[PDB]
>>> print(open('coords_1.pdb').read())   # PDB, C-alpha atoms
ATOM      1  CA  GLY V   1     148.600  55.733-176.565  1.00  0.00           C
ATOM      2  CA  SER V   2     146.765  56.064-179.858  1.00  0.00           C
ATOM      3  CA  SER V   3     144.140  58.506-181.075  1.00  0.00           C
ATOM      4  CA  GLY V   4     142.731  59.180-184.523  1.00  0.00           C
ATOM      5  CA  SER V   5     143.383  57.414-187.807  1.00  0.00           C
ATOM      6  CA  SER V   6     146.347  55.098-188.223  1.00  0.00           C
ATOM      7  CA  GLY V   7     147.805  52.711-190.773  1.00  0.00           C
ATOM      8  CA  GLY V   8     146.175  49.311-191.107  1.00  0.00           C
ATOM      9  CA  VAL V   9     147.969  46.051-191.795  1.00  0.00           C
ATOM     10  CA  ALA V  10     150.817  45.962-194.287  1.00  0.00           C
ATOM     11  CA  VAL V  11     153.279  43.214-195.130  1.00  0.00           C
ATOM     12  CA  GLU V  12     156.611  43.814-196.822  1.00  0.00           C
ATOM     13  CA  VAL V  13     156.985  41.561-199.841  1.00  0.00           C
ATOM     14  CA  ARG V  14     160.433  40.640-201.100  1.00  0.00           C
ATOM     15  CA  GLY V  15     161.654  38.538-204.002  1.00  0.00           C
ATOM     16  CA  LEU V  16     158.875  38.964-206.536  1.00  0.00           C
ATOM     17  CA  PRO V  17     159.345  38.569-210.295  1.00  0.00           C
ATOM     18  CA  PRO V  18     157.798  41.111-212.676  1.00  0.00           C
ATOM     19  CA  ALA V  19     156.775  38.332-215.033  1.00  0.00           C
ATOM     20  CA  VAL V  20     154.063  37.793-212.449  1.00  0.00           C
ATOM     21  CA  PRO V  21     151.202  40.309-212.473  1.00  0.00           C
ATOM     22  CA  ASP V  22     149.823  41.787-209.273  1.00  0.00           C
ATOM     23  CA  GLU V  23     146.538  40.119-210.142  1.00  0.00           C
ATOM     24  CA  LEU V  24     148.036  36.755-209.268  1.00  0.00           C
ATOM     25  CA  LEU V  25     150.016  38.222-206.394  1.00  0.00           C
ATOM     26  CA  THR V  26     146.669  39.025-204.819  1.00  0.00           C
ATOM     27  CA  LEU V  27     144.800  36.038-206.203  1.00  0.00           C
ATOM     28  CA  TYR V  28     147.338  33.896-204.387  1.00  0.00           C
ATOM     29  CA  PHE V  29     147.280  35.726-201.073  1.00  0.00           C
ATOM     30  CA  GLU V  30     143.526  36.068-201.404  1.00  0.00           C
ATOM     31  CA  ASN V  31     143.362  32.323-201.931  1.00  0.00           C
ATOM     32  CA  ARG V  32     142.772  30.658-198.584  1.00  0.00           C
ATOM     33  CA  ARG V  33     143.743  27.350-200.147  1.00  0.00           C
ATOM     34  CA  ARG V  34     147.131  28.480-201.402  1.00  0.00           C
ATOM     35  CA  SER V  35     147.815  30.612-198.350  1.00  0.00           C
ATOM     36  CA  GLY V  36     144.896  30.851-195.953  1.00  0.00           C
ATOM     37  CA  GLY V  37     144.237  34.556-195.549  1.00  0.00           C
ATOM     38  CA  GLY V  38     141.350  36.600-196.893  1.00  0.00           C
ATOM     39  CA  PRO V  39     140.526  39.805-198.783  1.00  0.00           C
ATOM     40  CA  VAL V  40     143.339  42.231-199.506  1.00  0.00           C
ATOM     41  CA  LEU V  41     142.794  45.925-198.889  1.00  0.00           C
ATOM     42  CA  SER V  42     145.403  47.088-201.373  1.00  0.00           C
ATOM     43  CA  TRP V  43     148.758  46.233-202.902  1.00  0.00           C
ATOM     44  CA  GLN V  44     151.775  48.365-203.727  1.00  0.00           C
ATOM     45  CA  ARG V  45     154.180  46.770-206.177  1.00  0.00           C
ATOM     46  CA  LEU V  46     157.696  48.146-205.915  1.00  0.00           C
ATOM     47  CA  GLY V  47     161.034  47.445-207.555  1.00  0.00           C
ATOM     48  CA  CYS V  48     161.824  43.912-206.452  1.00  0.00           C
ATOM     49  CA  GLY V  49     158.669  43.438-204.415  1.00  0.00           C
ATOM     50  CA  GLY V  50     156.391  45.987-202.791  1.00  0.00           C
ATOM     51  CA  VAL V  51     154.354  46.660-199.674  1.00  0.00           C
ATOM     52  CA  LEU V  52     151.081  44.765-199.506  1.00  0.00           C
ATOM     53  CA  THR V  53     148.087  45.534-197.321  1.00  0.00           C
ATOM     54  CA  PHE V  54     145.831  42.906-195.793  1.00  0.00           C
ATOM     55  CA  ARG V  55     142.224  43.850-195.143  1.00  0.00           C
ATOM     56  CA  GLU V  56     142.347  41.969-191.862  1.00  0.00           C
ATOM     57  CA  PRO V  57     145.258  41.989-189.402  1.00  0.00           C
ATOM     58  CA  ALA V  58     144.984  38.376-188.307  1.00  0.00           C
ATOM     59  CA  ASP V  59     144.533  37.285-191.904  1.00  0.00           C
ATOM     60  CA  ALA V  60     147.688  39.191-192.766  1.00  0.00           C
ATOM     61  CA  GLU V  61     149.422  37.184-190.065  1.00  0.00           C
ATOM     62  CA  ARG V  62     147.763  33.970-191.182  1.00  0.00           C
ATOM     63  CA  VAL V  63     149.871  34.373-194.301  1.00  0.00           C
ATOM     64  CA  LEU V  64     153.089  35.540-192.687  1.00  0.00           C
ATOM     65  CA  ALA V  65     152.792  32.478-190.481  1.00  0.00           C
ATOM     66  CA  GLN V  66     154.102  30.655-193.528  1.00  0.00           C
ATOM     67  CA  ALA V  67     157.793  31.282-194.076  1.00  0.00           C
ATOM     68  CA  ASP V  68     157.212  29.978-197.582  1.00  0.00           C
ATOM     69  CA  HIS V  69     155.361  31.685-200.408  1.00  0.00           C
ATOM     70  CA  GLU V  70     155.014  30.593-204.015  1.00  0.00           C
ATOM     71  CA  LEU V  71     153.359  32.511-206.828  1.00  0.00           C
ATOM     72  CA  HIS V  72     153.839  31.721-210.498  1.00  0.00           C
ATOM     73  CA  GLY V  73     156.997  29.668-210.132  1.00  0.00           C
ATOM     74  CA  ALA V  74     159.001  31.845-207.771  1.00  0.00           C
ATOM     75  CA  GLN V  75     159.972  32.170-204.127  1.00  0.00           C
ATOM     76  CA  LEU V  76     158.341  35.197-202.548  1.00  0.00           C
ATOM     77  CA  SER V  77     159.824  36.293-199.242  1.00  0.00           C
ATOM     78  CA  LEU V  78     157.038  37.801-197.171  1.00  0.00           C
ATOM     79  CA  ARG V  79     157.852  39.820-194.074  1.00  0.00           C
ATOM     80  CA  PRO V  80     156.287  42.200-191.545  1.00  0.00           C
ATOM     81  CA  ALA V  81     156.308  45.698-192.991  1.00  0.00           C
ATOM     82  CA  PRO V  82     157.423  48.590-190.775  1.00  0.00           C
ATOM     83  CA  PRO V  83     155.083  51.129-189.163  1.00  0.00           C
ATOM     84  CA  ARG V  84     153.980  54.219-191.048  1.00  0.00           C
ATOM     85  CA  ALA V  85     150.921  56.448-190.966  1.00  0.00           C
ATOM     86  CA  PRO V  86     149.914  59.947-192.088  1.00  0.00           C
ATOM     87  CA  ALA V  87     150.207  62.615-189.420  1.00  0.00           C
ATOM     88  CA  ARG V  88     151.860  66.016-189.256  1.00  0.00           C
ATOM     89  CA  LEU V  89     151.435  67.239-185.700  1.00  0.00           C
ATOM     90  CA  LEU V  90     153.572  67.874-182.641  1.00  0.00           C
ATOM     91  CA  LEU V  91     151.659  67.813-179.375  1.00  0.00           C
ATOM     92  CA  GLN V  92     154.113  68.095-176.508  1.00  0.00           C
ATOM     93  CA  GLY V  93     152.835  66.014-173.617  1.00  0.00           C
ATOM     94  CA  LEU V  94     150.609  63.011-173.029  1.00  0.00           C
ATOM     95  CA  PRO V  95     147.240  62.228-171.429  1.00  0.00           C
ATOM     96  CA  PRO V  96     146.782  60.766-167.940  1.00  0.00           C
ATOM     97  CA  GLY V  97     146.183  57.132-167.068  1.00  0.00           C
ATOM     98  CA  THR V  98     146.509  55.437-163.699  1.00  0.00           C
ATOM     99  CA  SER V  99     145.089  52.514-161.758  1.00  0.00           C
ATOM    100  CA  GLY V 100     145.337  50.551-158.531  1.00  0.00           C
ATOM    101  CA  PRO V 101     143.942  47.585-156.589  1.00  0.00           C
ATOM    102  CA  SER V 102     141.257  47.709-153.924  1.00  0.00           C
ATOM    103  CA  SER V 103     141.075  46.781-150.260  1.00  0.00           C
ATOM    104  CA  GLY V 104     138.561  46.032-147.530  1.00  0.00           C
TER     105      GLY V 104
END
>>> encode(input="coords_1.pdb", output="structure tokens")
Amino acid sequence: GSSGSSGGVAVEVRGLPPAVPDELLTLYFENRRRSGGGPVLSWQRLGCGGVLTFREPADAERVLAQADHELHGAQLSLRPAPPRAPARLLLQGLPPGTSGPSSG
């Protein structure tokens, strides 16, 4: 069960050289010809990689689909990032939700 705001679509990027600017990193992913995704919401460059966010979920997958990724002479290892969203609450319990077939 979900309710409220929650993280969007993020993909964990691994094996990315610094010699390559984020600009390209996105340009590539954004390129439907090179990859086949769409617009990127945001990008978070980390040490040897960084977590990337794909505007669309399917699009994000459209890229992951490819186990191969090249950007400025280099092998980028894309993977499905883990879950994570902002929320600091603790509501003990859950809402209802039942169902059943019908008869005549």
>>> atom_distance(input="coords_1.pdb", atom1="atom CA of residue 77 of chain V", atom2="atom CA of residue 16 of chain V")
7.8 Å
>>> resolve_selection(input="coords_1.pdb", expression="the PyMOL selection byres ((chain V and resi 3) around 12)", output="ChimeraX atom specification")
/V:1-2,4-7,87,94-95
>>> resolve_selection(input="coords_1.pdb", expression="the PyMOL selection byres ((chain V and resi 75) around 12)", output="PyMOL selection string")
chain V and resi 13-17+20+25+49+67-74+76-78
>>> atom_distance(input="coords_1.pdb", atom1="atom CA of residue 79 of chain V", atom2="atom CA of residue 12 of chain V")
5.0 Å
>>> closest_residue(input="coords_1.pdb", among="V:99, V:62, V:91, V:81", to="residue 33 of chain V", atoms="all atoms listed in the file")
V:62
>>> resolve_selection(input="coords_1.pdb", expression="the PyMOL selection byres ((chain V and resi 39) around 8)", output="list in words")
residues 30, 37, 38, 40, 41, 54, 55 and 56 of chain V
>>> write_last_selection(input="coords_1.pdb", atoms="C-alpha atoms", output="PDB file, in the frame of the given file")
ATOM      1  CA  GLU V  30     143.526  36.068-201.404  1.00  0.00           C
ATOM      2  CA  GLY V  37     144.237  34.556-195.549  1.00  0.00           C
ATOM      3  CA  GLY V  38     141.350  36.600-196.893  1.00  0.00           C
ATOM      4  CA  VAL V  40     143.339  42.231-199.506  1.00  0.00           C
ATOM      5  CA  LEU V  41     142.794  45.925-198.889  1.00  0.00           C
ATOM      6  CA  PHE V  54     145.831  42.906-195.793  1.00  0.00           C
ATOM      7  CA  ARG V  55     142.224  43.850-195.143  1.00  0.00           C
ATOM      8  CA  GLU V  56     142.347  41.969-191.862  1.00  0.00           C
TER       9      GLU V  56
END
>>> decode(input="coords_1.pdb", residues="chain V", atoms="C-alpha atoms", output="PDB file, in the first residue's frame")
ATOM      1  CA  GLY V   1       0.000   0.000   0.000  1.00  0.00           C
ATOM      2  CA  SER V   2       1.233   3.441  -0.980  1.00  0.00           C
ATOM      3  CA  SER V   3       0.053   6.922  -0.072  1.00  0.00           C
ATOM      4  CA  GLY V   4       1.617  10.329  -0.592  1.00  0.00           C
ATOM      5  CA  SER V   5       4.789  11.298  -2.417  1.00  0.00           C
ATOM      6  CA  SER V   6       7.388   8.703  -3.326  1.00  0.00           C
ATOM      7  CA  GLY V   7      10.631   8.424  -5.259  1.00  0.00           C
ATOM      8  CA  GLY V   8      10.402   8.292  -9.035  1.00  0.00           C
ATOM      9  CA  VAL V   9      12.612   6.238 -11.319  1.00  0.00           C
ATOM     10  CA  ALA V  10      16.320   5.971 -10.605  1.00  0.00           C
ATOM     11  CA  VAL V  11      18.989   3.796 -12.177  1.00  0.00           C
ATOM     12  CA  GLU V  12      22.294   2.984 -10.520  1.00  0.00           C
ATOM     13  CA  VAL V  13      25.169   3.762 -12.856  1.00  0.00           C
ATOM     14  CA  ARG V  14      28.478   1.971 -12.446  1.00  0.00           C
ATOM     15  CA  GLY V  15      31.785   2.189 -14.276  1.00  0.00           C
ATOM     16  CA  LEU V  16      31.827   5.789 -15.444  1.00  0.00           C
ATOM     17  CA  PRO V  17      35.010   7.745 -16.191  1.00  0.00           C
ATOM     18  CA  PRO V  18      35.375  11.322 -14.927  1.00  0.00           C
ATOM     19  CA  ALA V  19      36.948  12.358 -18.211  1.00  0.00           C
ATOM     20  CA  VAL V  20      33.362  12.219 -19.417  1.00  0.00           C
ATOM     21  CA  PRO V  21      31.125  15.115 -18.353  1.00  0.00           C
ATOM     22  CA  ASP V  22      27.598  14.550 -17.101  1.00  0.00           C
ATOM     23  CA  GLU V  23      26.419  16.542 -20.096  1.00  0.00           C
ATOM     24  CA  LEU V  24      27.287  13.630 -22.352  1.00  0.00           C
ATOM     25  CA  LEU V  25      26.161  11.105 -19.767  1.00  0.00           C
ATOM     26  CA  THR V  26      22.700  12.579 -20.191  1.00  0.00           C
ATOM     27  CA  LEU V  27      23.035  13.447 -23.860  1.00  0.00           C
ATOM     28  CA  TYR V  28      23.662   9.759 -24.441  1.00  0.00           C
ATOM     29  CA  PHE V  29      20.839   8.414 -22.308  1.00  0.00           C
ATOM     30  CA  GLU V  30      18.620  11.189 -23.612  1.00  0.00           C
ATOM     31  CA  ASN V  31      19.534  10.094 -27.118  1.00  0.00           C
ATOM     32  CA  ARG V  32      16.928   7.634 -28.333  1.00  0.00           C
ATOM     33  CA  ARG V  33      19.273   6.654 -31.138  1.00  0.00           C
ATOM     34  CA  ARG V  34      22.198   5.743 -28.915  1.00  0.00           C
ATOM     35  CA  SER V  35      19.996   4.212 -26.243  1.00  0.00           C
ATOM     36  CA  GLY V  36      16.289   4.648 -26.866  1.00  0.00           C
ATOM     37  CA  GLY V  37      14.945   6.336 -23.756  1.00  0.00           C
ATOM     38  CA  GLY V  38      13.758   9.904 -23.334  1.00  0.00           C
ATOM     39  CA  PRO V  39      14.109  12.971 -21.099  1.00  0.00           C
ATOM     40  CA  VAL V  40      16.052  12.621 -17.870  1.00  0.00           C
ATOM     41  CA  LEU V  41      14.624  14.095 -14.690  1.00  0.00           C
ATOM     42  CA  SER V  42      17.963  14.491 -12.952  1.00  0.00           C
ATOM     43  CA  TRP V  43      21.403  12.960 -12.563  1.00  0.00           C
ATOM     44  CA  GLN V  44      23.601  12.423  -9.530  1.00  0.00           C
ATOM     45  CA  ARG V  45      27.245  11.795 -10.343  1.00  0.00           C
ATOM     46  CA  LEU V  46      29.075   9.925  -7.608  1.00  0.00           C
ATOM     47  CA  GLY V  47      32.561   8.540  -7.106  1.00  0.00           C
ATOM     48  CA  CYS V  48      32.832   5.868  -9.772  1.00  0.00           C
ATOM     49  CA  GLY V  49      29.362   6.395 -11.189  1.00  0.00           C
ATOM     50  CA  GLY V  50      26.259   7.866  -9.597  1.00  0.00           C
ATOM     51  CA  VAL V  51      22.506   7.447  -9.353  1.00  0.00           C
ATOM     52  CA  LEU V  52      20.596   8.671 -12.384  1.00  0.00           C
ATOM     53  CA  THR V  53      16.911   9.510 -12.597  1.00  0.00           C
ATOM     54  CA  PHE V  54      14.758   8.900 -15.650  1.00  0.00           C
ATOM     55  CA  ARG V  55      11.800  11.195 -16.201  1.00  0.00           C
ATOM     56  CA  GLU V  56       9.736   8.228 -17.322  1.00  0.00           C
ATOM     57  CA  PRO V  57       9.758   4.774 -15.711  1.00  0.00           C
ATOM     58  CA  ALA V  58       9.366   2.760 -18.892  1.00  0.00           C
ATOM     59  CA  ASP V  59      11.951   4.919 -20.618  1.00  0.00           C
ATOM     60  CA  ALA V  60      14.303   4.224 -17.735  1.00  0.00           C
ATOM     61  CA  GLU V  61      13.728   0.541 -18.392  1.00  0.00           C
ATOM     62  CA  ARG V  62      14.036   1.009 -22.135  1.00  0.00           C
ATOM     63  CA  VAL V  63      17.656   1.824 -21.386  1.00  0.00           C
ATOM     64  CA  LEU V  64      18.319  -0.811 -18.752  1.00  0.00           C
ATOM     65  CA  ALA V  65      16.987  -3.300 -21.274  1.00  0.00           C
ATOM     66  CA  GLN V  66      20.413  -2.931 -22.840  1.00  0.00           C
ATOM     67  CA  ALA V  67      23.087  -4.700 -20.830  1.00  0.00           C
ATOM     68  CA  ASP V  68      25.556  -2.603 -22.788  1.00  0.00           C
ATOM     69  CA  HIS V  69      26.200   1.114 -22.469  1.00  0.00           C
ATOM     70  CA  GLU V  70      28.859   3.212 -24.156  1.00  0.00           C
ATOM     71  CA  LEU V  71      29.583   6.880 -23.564  1.00  0.00           C
ATOM     72  CA  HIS V  72      32.770   8.610 -24.646  1.00  0.00           C
ATOM     73  CA  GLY V  73      34.865   5.494 -25.117  1.00  0.00           C
ATOM     74  CA  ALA V  74      34.020   3.576 -21.965  1.00  0.00           C
ATOM     75  CA  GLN V  75      31.862   0.735 -20.701  1.00  0.00           C
ATOM     76  CA  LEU V  76      29.128   2.014 -18.418  1.00  0.00           C
ATOM     77  CA  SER V  77      27.422  -0.621 -16.304  1.00  0.00           C
ATOM     78  CA  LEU V  78      23.832   0.461 -15.785  1.00  0.00           C
ATOM     79  CA  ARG V  79      21.699  -1.229 -13.154  1.00  0.00           C
ATOM     80  CA  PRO V  80      18.404  -0.870 -11.276  1.00  0.00           C
ATOM     81  CA  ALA V  81      18.917   1.486  -8.358  1.00  0.00           C
ATOM     82  CA  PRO V  82      17.491   0.529  -4.958  1.00  0.00           C
ATOM     83  CA  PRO V  83      14.359   2.043  -3.403  1.00  0.00           C
ATOM     84  CA  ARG V  84      14.548   5.240  -1.386  1.00  0.00           C
ATOM     85  CA  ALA V  85      12.152   8.075  -0.646  1.00  0.00           C
ATOM     86  CA  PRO V  86      11.762  10.887   1.896  1.00  0.00           C
ATOM     87  CA  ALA V  87       9.507  10.076   4.826  1.00  0.00           C
ATOM     88  CA  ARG V  88       9.878  10.304   8.585  1.00  0.00           C
ATOM     89  CA  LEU V  89       6.739   8.789  10.061  1.00  0.00           C
ATOM     90  CA  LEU V  90       5.714   5.701  11.995  1.00  0.00           C
ATOM     91  CA  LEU V  91       2.052   4.806  11.656  1.00  0.00           C
ATOM     92  CA  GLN V  92       1.433   1.492  13.377  1.00  0.00           C
ATOM     93  CA  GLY V  93      -1.205  -0.403  11.433  1.00  0.00           C
ATOM     94  CA  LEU V  94      -2.572  -0.581   7.909  1.00  0.00           C
ATOM     95  CA  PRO V  95      -5.801   0.238   6.058  1.00  0.00           C
ATOM     96  CA  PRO V  96      -8.463  -2.315   5.104  1.00  0.00           C
ATOM     97  CA  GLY V  97      -8.894  -3.985   1.735  1.00  0.00           C
ATOM     98  CA  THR V  98     -10.924  -7.063   0.877  1.00  0.00           C
ATOM     99  CA  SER V  99     -12.801  -8.599  -2.029  1.00  0.00           C
ATOM    100  CA  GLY V 100     -14.730 -11.645  -3.180  1.00  0.00           C
ATOM    101  CA  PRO V 101     -16.584 -13.217  -6.114  1.00  0.00           C
ATOM    102  CA  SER V 102     -20.323 -13.152  -6.702  1.00  0.00           C
ATOM    103  CA  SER V 103     -23.029 -15.776  -7.036  1.00  0.00           C
ATOM    104  CA  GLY V 104     -26.560 -16.223  -8.325  1.00  0.00           C
TER     105      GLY V 104
END
